[PDB]
């Protein structure tokens, strides 16, 4: 625990009950510390300027603002543990990154209703990506995360009541392969109603499903969305497909789609479209699956005096 690499390594051991993607993210930061001059510095000599100069080298290395901010929080928790053990006194990472680096992050812009209909029309007619038409319709109409969509099976659907039961996700990583992840409490389980377009999409998925290879993981089988090899789709498989789909859309249309048109942009467009329509915020929170209500309110536009004037006159 003397050096920063030894301090962060001891932090991983103290808090080890983590998921697989967390282990990959921690090792990513460990490789950063080992390749950086800060990794070999004794923790009792890391000053406030040393931590700020680390963020400068991270931005010069090429890392985005949110990455340096997330890695700083990981390092701040490590030094906070050393303060509890009286190894040091002050935390060198107790500063604002905005005072050292400028947040040059492109804001994620959702799809307008005009772009949303032009996008689905191109997908339905294209002979290469029409097989993904139903999934993108379901994503735009439910706000499901990409791994939640990949984890949907026949037992997760209630066609008698037109309700989607979101209770798990289907993840895949190098080495471990597929694995099912479920929330610890029932708060992570939510039910989403299906509209007419979403209902017709699920029926066309089941009626046109073929070539499914044997695949049972944690009692889950008969997945709805499969790859060309008969095995269920994953987040990486959808992300790569969206890259080729948007690039092909831009070549056939004069106005190009936003550069951030990813599977999560369907979730961002879903929450924004319902928020602009005046949906109940806590009801929209349940459909989205957010832990707190402040996270859902980020999708509501900033209110001014003129907007609140006509809004109060609307309910007078």
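Positions refer to the first chain, counted from 1.
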For 139-147 versus 190-198, entry-based mean Cα B-factors point to 190-198
Compare the mean C-alpha B-factor of 103-111 with that of 241-249 as given in the PDB entry, and name the stretch with the higher value. 103-111
If you compare 236, 165, 216, 120, which has the highest Cα B-factor in the entry? 120
Identity of residue with top Cα B-factor, from 17, 21, 298, 11: 298
So where's residue 98 on the chain's Cα temperature factor ranking, which third? lowest
Ordered by C-alpha B-factor within the chain, which third holds residue 82? Give me lowest, middle or highest, please. lowest
Within this chain, which third does the Cα B-factor at residue 2 fall in: lowest, middle or highest? highest
By the recorded C-alpha temperature factor, relative to the other modelled residues in its chain, which third is residue 71 in? lowest
Of the three thirds of the chain ranked by Cα temperature factor, residue 205 occupies the highest
